[PDB]
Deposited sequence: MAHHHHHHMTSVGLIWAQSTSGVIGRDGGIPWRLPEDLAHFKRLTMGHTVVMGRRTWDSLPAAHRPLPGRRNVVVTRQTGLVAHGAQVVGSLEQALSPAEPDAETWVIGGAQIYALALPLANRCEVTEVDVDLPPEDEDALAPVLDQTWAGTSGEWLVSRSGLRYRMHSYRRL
């Protein structure tokens, strides 16, 4: 059982300049709560993007997907394909390249939509596009303690 989890702007941006272009504490809490105790699978660029005090992600088996040989990723397992990463509950935590690999294998997507305007730029990482084979249920728009508006969506494959 494979799930994808990501946070996107309304425009579909998930990443810019090797990072995430907003801060939303409620999303980090949501991400930690859903992934804790489970394997998390990430692309090598997303491993690099984790703040050092949170890398590897504590309380979870971290798996890093790379085409490199002998990659040093302390505290993580390093695999050469998504299939190697997947051999109870496994969460694919990004980025865009690894989402694209994982989406055909997933039965579940947990999406945070963040109501910031961020027109997609050339090298932005973008969220996967979900068609009508996915059934979504959405929370209401919520206002964070910091004033940002956001909404949680849960998708299951029909």
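A.B. asks: What stretches of this chain's deposited sequence are missing C-alpha coordinates?
C.D. replies: Unmodelled stretches: 1 to 10, 98 to 102.
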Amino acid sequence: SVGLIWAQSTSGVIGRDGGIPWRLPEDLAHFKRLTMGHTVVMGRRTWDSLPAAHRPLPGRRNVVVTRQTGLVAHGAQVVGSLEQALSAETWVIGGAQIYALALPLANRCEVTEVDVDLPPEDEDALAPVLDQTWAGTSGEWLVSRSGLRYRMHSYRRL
From here on, numbers count along this sequence of modelled residues.
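A.B. asks: Between 103 to 111 and 64 to 72, which has the higher average C-alpha B-factor in the PDB entry?
C.D. replies: Result of the comparison: 64 to 72.
A.B. asks: Mean C-alpha B factor from the entry: is it higher for 119 to 127 or for 36 to 44?
C.D. replies: Comparing 119 to 127 with 36 to 44, the higher average CA B-factor belongs to 119 to 127.
A.B. asks: When you compare the CA B-factors of 25, 147, 139, 19 as listed in the entry, which one comes out on top?
C.D. replies: The C-alpha B-factor peaks, among 25, 147, 139, 19, at 147.
A.B. asks: For residue 135, return the chain-relative third of its C-alpha B-factor as stated in the PDB record: lowest, middle or highest.
C.D. replies: For residue 135, the deposited C-alpha B-factor lands in the highest third.
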